[PDB]
Amino acid sequence: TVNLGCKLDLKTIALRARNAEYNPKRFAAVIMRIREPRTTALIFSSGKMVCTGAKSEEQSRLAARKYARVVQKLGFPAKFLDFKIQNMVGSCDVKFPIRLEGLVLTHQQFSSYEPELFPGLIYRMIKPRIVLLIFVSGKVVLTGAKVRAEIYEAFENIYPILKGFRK
DNA sequence: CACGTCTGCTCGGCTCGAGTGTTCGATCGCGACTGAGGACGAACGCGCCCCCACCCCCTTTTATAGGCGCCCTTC
C-alpha cells in the first residue's frame, strides 16, 4: 500500500485516465492497471492507494511511483508517502508425489486438510507465521509473508518433512 | 253602647312524602377412600421496531486443482 496524502476526484480520474475503470454502484475505489511489471492499483477517495501484482518489492515501489506520476500528470498534488509492503506470495515444486494423510496425522495441531472442499492441504506455520498450500503433485504455495527470508525460512523448515513423505 | 254576624288567625287533625328496616330470590364457596405394580418421556415461551455497537462482506493479483455449468458438436 501507499498513501498519496491528499483527497482526489475519482470520477475525473476515470474520465482522464486511459487504463482505468470506475463504478460507484460496484465499488468505491478506482481501478488502474499498467503494463510496467504488469500490475493493478486501488485508489481511494481518502487518499490511500493499494498496489498489487508486482513480482518484486523494487518494481512495486517502482509501479507505485509511476501511479503517483500519472496522478501528478492529471494536475493533482500527488505525494509518495507511507509506502509499505503488506504481503508477499511465493511458490515452488519438489517434483515428487507426497503423503498427505500422514502429514495431517503427524501435524494435527497445524494442518487442516479438507480433501472434500479445497484439494490441497492448508498448513499454518507459526515461525514467520506463514500460510502454506501443499498439493499432492508436490507443488507448494506460500502467503502471509512480509519479507522473502520468511518464505525461504518457512520452506527450509518444511522441505525435509515433505521429502520424508515422498512416494 | 251592646249584641249579633262575618271574616281572619290559631290549634288540632289529616295527608303525603321521606326514612328505616323485613322478606326473599339469587349467587357463591367448600368438602368428598384405598392403592394396586409402574413407567420415562414431551417440548417451548407477547412480537416487533428502533437505536446502536461491532464485525462481516465487495475488489484485485497468482499459482494451484478437483468440481461443475454451459454450449457446441455429433450421433
# chains A, B, ... in the order shown; residues from 1 in each chain; ligands from 1
$ select_by_dssp --residues "chain A" --states "helix (DSSP H, G or I)" --output "JSON, numbers by chain"
{"A": [10, 11, 12, 13, 14, 15, 16, 57, 58, 59, 60, 61, 62, 63, 64, 65, 66, 67, 68, 69, 70, 71, 72, 73, 74, 100, 101, 102, 103, 104, 105, 106, 148, 149, 150, 151, 152, 153, 154, 155, 156, 157, 158, 159, 160, 161, 162, 163]}
$ closest_atom_pairs --of "chain A" --to "chain B" --cutoff "12 Å" --atoms "only C-alpha atoms (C1' of nucleotides)" --output "Markdown table"
| residue | atom | partner | partner_atom | distance |
| --- | --- | --- | --- | --- |
| A:22 | CA | B:59 | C1' | 11.8 |
| A:23 | CA | B:59 | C1' | 11.3 |
| A:24 | CA | B:58 | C1' | 11.8 |
| A:25 | CA | B:58 | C1' | 11.0 |
| A:26 | CA | B:58 | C1' | 7.9 |
| A:27 | CA | B:58 | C1' | 6.9 |
| A:28 | CA | B:59 | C1' | 9.4 |
| A:29 | CA | B:59 | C1' | 8.7 |
| A:30 | CA | B:59 | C1' | 10.2 |
| A:31 | CA | B:60 | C1' | 8.7 |
| A:32 | CA | B:60 | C1' | 10.3 |
| A:33 | CA | B:60 | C1' | 10.4 |
| A:38 | CA | B:61 | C1' | 10.2 |
| A:39 | CA | B:61 | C1' | 8.0 |
| A:40 | CA | B:60 | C1' | 7.2 |
| A:41 | CA | B:60 | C1' | 8.1 |
| A:42 | CA | B:60 | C1' | 8.1 |
| A:43 | CA | B:59 | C1' | 11.6 |
| A:50 | CA | B:60 | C1' | 9.7 |
| A:51 | CA | B:60 | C1' | 9.2 |
| A:52 | CA | B:61 | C1' | 6.0 |
| A:53 | CA | B:61 | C1' | 5.0 |
| A:54 | CA | B:61 | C1' | 8.7 |
| A:55 | CA | B:62 | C1' | 10.3 |
| A:87 | CA | B:61 | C1' | 11.3 |
| A:88 | CA | B:61 | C1' | 10.9 |
| A:89 | CA | B:62 | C1' | 8.1 |
| A:90 | CA | B:63 | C1' | 8.5 |
| A:91 | CA | B:63 | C1' | 7.1 |
| A:92 | CA | B:63 | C1' | 9.3 |
| A:93 | CA | B:63 | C1' | 10.9 |
| A:114 | CA | B:66 | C1' | 12.0 |
| A:115 | CA | B:66 | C1' | 9.1 |
| A:116 | CA | B:66 | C1' | 9.0 |
| A:117 | CA | B:66 | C1' | 8.8 |
| A:118 | CA | B:66 | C1' | 7.9 |
| A:119 | CA | B:66 | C1' | 6.1 |
| A:120 | CA | B:65 | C1' | 7.9 |
| A:121 | CA | B:64 | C1' | 11.3 |
| A:132 | CA | B:64 | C1' | 11.6 |
| A:133 | CA | B:64 | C1' | 8.4 |
| A:134 | CA | B:64 | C1' | 8.8 |
| A:135 | CA | B:64 | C1' | 7.5 |
| A:136 | CA | B:65 | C1' | 9.8 |
| A:137 | CA | B:64 | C1' | 9.9 |
| A:138 | CA | B:64 | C1' | 10.4 |
| A:139 | CA | B:64 | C1' | 7.5 |
| A:140 | CA | B:64 | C1' | 8.2 |
| A:141 | CA | B:63 | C1' | 7.0 |
| A:142 | CA | B:63 | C1' | 9.8 |
| A:143 | CA | B:62 | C1' | 10.8 |
$ residues_around --residues "residue 69 (chain A)" --least-positions-apart "5" --cutoff "12 Å" --atoms "only C-alpha atoms (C1' of nucleotides)" --output "PyMOL selection string"
chain A and resi 4+62-64+74-80
$ write_last_selection --atoms "N, CA, C and O atoms" --output "PDB file, in the first residue's frame"
ATOM      1  N   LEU A   4      -1.295   8.641  -0.878  1.00  0.00           N
ATOM      2  CA  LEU A   4      -0.997   9.788  -1.738  1.00  0.00           C
ATOM      3  C   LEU A   4      -1.012  11.119  -0.976  1.00  0.00           C
ATOM      4  O   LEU A   4      -0.515  12.129  -1.473  1.00  0.00           O
ATOM      5  N   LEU A  62       8.487   0.884  -7.655  1.00  0.00           N
ATOM      6  CA  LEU A  62       8.545   1.462  -8.990  1.00  0.00           C
ATOM      7  C   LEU A  62       7.156   1.749  -9.559  1.00  0.00           C
ATOM      8  O   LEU A  62       6.888   2.860 -10.018  1.00  0.00           O
ATOM      9  N   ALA A  63       6.278   0.750  -9.529  1.00  0.00           N
ATOM     10  CA  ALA A  63       4.912   0.910 -10.022  1.00  0.00           C
ATOM     11  C   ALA A  63       4.112   1.997  -9.292  1.00  0.00           C
ATOM     12  O   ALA A  63       3.493   2.849  -9.925  1.00  0.00           O
ATOM     13  N   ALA A  64       4.149   1.964  -7.962  1.00  0.00           N
ATOM     14  CA  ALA A  64       3.524   2.985  -7.114  1.00  0.00           C
ATOM     15  C   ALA A  64       3.989   4.411  -7.401  1.00  0.00           C
ATOM     16  O   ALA A  64       3.196   5.353  -7.369  1.00  0.00           O
ATOM     17  N   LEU A  74      -2.163  14.347 -13.997  1.00  0.00           N
ATOM     18  CA  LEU A  74      -3.556  14.796 -14.050  1.00  0.00           C
ATOM     19  C   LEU A  74      -3.731  16.215 -13.509  1.00  0.00           C
ATOM     20  O   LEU A  74      -4.710  16.891 -13.827  1.00  0.00           O
ATOM     21  N   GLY A  75      -2.789  16.657 -12.682  1.00  0.00           N
ATOM     22  CA  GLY A  75      -2.811  18.014 -12.169  1.00  0.00           C
ATOM     23  C   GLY A  75      -2.956  17.999 -10.662  1.00  0.00           C
ATOM     24  O   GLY A  75      -3.028  19.043 -10.015  1.00  0.00           O
ATOM     25  N   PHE A  76      -2.999  16.793 -10.106  1.00  0.00           N
ATOM     26  CA  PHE A  76      -3.246  16.601  -8.684  1.00  0.00           C
ATOM     27  C   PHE A  76      -1.943  16.576  -7.889  1.00  0.00           C
ATOM     28  O   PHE A  76      -0.928  16.078  -8.374  1.00  0.00           O
ATOM     29  N   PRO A  77      -1.970  17.115  -6.659  1.00  0.00           N
ATOM     30  CA  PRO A  77      -0.777  17.216  -5.807  1.00  0.00           C
ATOM     31  C   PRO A  77      -0.354  15.889  -5.178  1.00  0.00           C
ATOM     32  O   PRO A  77      -0.361  15.770  -3.950  1.00  0.00           O
ATOM     33  N   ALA A  78       0.008  14.911  -6.004  1.00  0.00           N
ATOM     34  CA  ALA A  78       0.373  13.583  -5.513  1.00  0.00           C
ATOM     35  C   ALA A  78       1.655  13.603  -4.680  1.00  0.00           C
ATOM     36  O   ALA A  78       2.578  14.374  -4.954  1.00  0.00           O
ATOM     37  N   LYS A  79       1.705  12.743  -3.668  1.00  0.00           N
ATOM     38  CA  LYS A  79       2.878  12.615  -2.811  1.00  0.00           C
ATOM     39  C   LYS A  79       3.178  11.152  -2.486  1.00  0.00           C
ATOM     40  O   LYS A  79       2.293  10.403  -2.073  1.00  0.00           O
ATOM     41  N   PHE A  80       4.431  10.754  -2.678  1.00  0.00           N
ATOM     42  CA  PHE A  80       4.864   9.397  -2.370  1.00  0.00           C
ATOM     43  C   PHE A  80       5.110   9.240  -0.872  1.00  0.00           C
ATOM     44  O   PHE A  80       6.240   9.362  -0.404  1.00  0.00           O
TER      45      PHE A  80
END
$ residues_around --residues "residue 98 (chain A)" --least-positions-apart "3" --cutoff "6 Å" --atoms "only C-alpha atoms (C1' of nucleotides)" --output "list in words"
residues 136, 165, 166 and 167 of chain A
$ write_last_selection --atoms "N, CA and C atoms" --output "mmCIF file, in the first residue's frame"
data_model
loop_
_atom_site.group_PDB
_atom_site.id
_atom_site.type_symbol
_atom_site.label_atom_id
_atom_site.label_comp_id
_atom_site.auth_asym_id
_atom_site.auth_seq_id
_atom_site.Cartn_x
_atom_site.Cartn_y
_atom_site.Cartn_z
ATOM 1 N N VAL A 136 -0.933 -32.582 -3.776
ATOM 2 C CA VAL A 136 -0.443 -33.950 -3.945
ATOM 3 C C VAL A 136 0.652 -34.106 -5.018
ATOM 4 N N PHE A 165 8.135 -37.765 3.216
ATOM 5 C CA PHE A 165 6.854 -38.417 2.971
ATOM 6 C C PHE A 165 6.711 -38.685 1.478
ATOM 7 N N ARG A 166 7.851 -38.669 0.789
ATOM 8 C CA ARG A 166 7.933 -38.967 -0.639
ATOM 9 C C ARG A 166 7.397 -40.357 -0.971
ATOM 10 N N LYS A 167 6.600 -40.440 -2.031
ATOM 11 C CA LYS A 167 6.170 -41.724 -2.574
ATOM 12 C C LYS A 167 7.047 -42.157 -3.746
#
$ select_by_dssp --residues "region 82-144 of chain A" --states "strand (DSSP E)" --output "PyMOL selection string"
chain A and resi 88-92+121-124+131-134+140-144
$ write_last_selection --atoms "N, CA and C atoms" --output "compact mmCIF listing (two decimals), in the first residue's frame"
# COMPACT_ATOMS: atom_id res chain seq x y z
N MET A 88 3.53 -10.82 0.74
CA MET A 88 4.23 -11.47 -0.36
C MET A 88 3.81 -12.92 -0.57
N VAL A 89 3.73 -13.33 -1.83
CA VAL A 89 3.30 -14.68 -2.19
C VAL A 89 4.39 -15.36 -3.02
N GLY A 90 4.68 -16.61 -2.68
CA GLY A 90 5.68 -17.39 -3.38
C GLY A 90 5.23 -18.80 -3.68
N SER A 91 5.95 -19.47 -4.57
CA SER A 91 5.71 -20.89 -4.82
C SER A 91 6.93 -21.62 -5.38
N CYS A 92 6.89 -22.95 -5.32
CA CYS A 92 7.93 -23.81 -5.87
C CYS A 92 7.43 -25.24 -5.98
N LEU A 121 -3.74 -29.31 0.99
CA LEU A 121 -3.61 -29.24 2.44
C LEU A 121 -3.27 -27.82 2.85
N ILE A 122 -3.98 -27.29 3.84
CA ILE A 122 -3.61 -25.98 4.37
C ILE A 122 -2.76 -26.04 5.64
N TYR A 123 -1.50 -25.62 5.53
CA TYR A 123 -0.56 -25.63 6.65
C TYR A 123 -0.25 -24.25 7.22
N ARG A 124 -0.54 -24.07 8.50
CA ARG A 124 -0.34 -22.78 9.14
C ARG A 124 0.92 -22.73 10.01
N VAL A 131 1.22 -18.96 5.79
CA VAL A 131 0.19 -19.93 5.43
C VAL A 131 0.64 -20.63 4.16
N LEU A 132 0.66 -21.96 4.20
CA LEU A 132 1.05 -22.75 3.04
C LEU A 132 -0.07 -23.59 2.44
N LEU A 133 0.01 -23.78 1.13
CA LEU A 133 -0.89 -24.66 0.41
C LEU A 133 -0.07 -25.73 -0.29
N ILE A 134 -0.26 -26.97 0.12
CA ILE A 134 0.51 -28.08 -0.41
C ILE A 134 -0.38 -29.03 -1.18
N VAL A 140 3.88 -26.29 -4.07
CA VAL A 140 3.67 -25.59 -2.81
C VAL A 140 3.52 -24.09 -3.03
N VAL A 141 2.52 -23.51 -2.38
CA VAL A 141 2.31 -22.07 -2.42
C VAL A 141 2.35 -21.51 -1.00
N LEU A 142 2.92 -20.32 -0.85
CA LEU A 142 3.07 -19.68 0.45
C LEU A 142 2.57 -18.23 0.44
N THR A 143 1.94 -17.83 1.54
CA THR A 143 1.48 -16.45 1.71
C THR A 143 1.50 -16.01 3.18
N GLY A 144 1.35 -14.71 3.40
CA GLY A 144 1.36 -14.14 4.73
C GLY A 144 2.70 -13.50 5.05
$ residues_around --residues "residue 73 (chain A)" --least-positions-apart "6" --cutoff "12 Å" --atoms "only C-alpha atoms (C1' of nucleotides)" --output "PDB file with N, CA, C and O atoms, in the first residue's frame"
ATOM      1  N   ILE A  13     -10.570  11.449 -12.554  1.00  0.00           N
ATOM      2  CA  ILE A  13      -9.542  10.442 -12.812  1.00  0.00           C
ATOM      3  C   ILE A  13     -10.018   9.439 -13.861  1.00  0.00           C
ATOM      4  O   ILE A  13      -9.360   9.244 -14.884  1.00  0.00           O
ATOM      5  N   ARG A  16     -10.281  11.176 -17.171  1.00  0.00           N
ATOM      6  CA  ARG A  16      -8.963  11.450 -17.738  1.00  0.00           C
ATOM      7  C   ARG A  16      -8.175  10.197 -18.151  1.00  0.00           C
ATOM      8  O   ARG A  16      -7.698  10.103 -19.283  1.00  0.00           O
ATOM      9  N   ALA A  17      -8.044   9.244 -17.230  1.00  0.00           N
ATOM     10  CA  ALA A  17      -7.202   8.060 -17.428  1.00  0.00           C
ATOM     11  C   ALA A  17      -7.600   7.222 -18.641  1.00  0.00           C
ATOM     12  O   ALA A  17      -8.750   7.241 -19.076  1.00  0.00           O
ATOM     13  N   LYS A  66       5.173   5.282 -10.361  1.00  0.00           N
ATOM     14  CA  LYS A  66       4.567   5.509 -11.672  1.00  0.00           C
ATOM     15  C   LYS A  66       3.095   5.936 -11.585  1.00  0.00           C
ATOM     16  O   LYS A  66       2.642   6.783 -12.355  1.00  0.00           O
ATOM     17  N   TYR A  67       2.355   5.334 -10.655  1.00  0.00           N
ATOM     18  CA  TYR A  67       0.982   5.744 -10.349  1.00  0.00           C
ATOM     19  C   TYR A  67       0.934   7.167  -9.805  1.00  0.00           C
ATOM     20  O   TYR A  67       0.112   7.978 -10.224  1.00  0.00           O
TER      21      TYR A  67
END
$ atom_distance --atom1 "CA of residue 70 (chain A)" --atom2 "CA of residue 145 (chain A)"
29.5 Å
$ atom_distance --atom1 "CA of residue 35 (chain A)" --atom2 "CA of residue 19 (chain A)"
9.6 Å
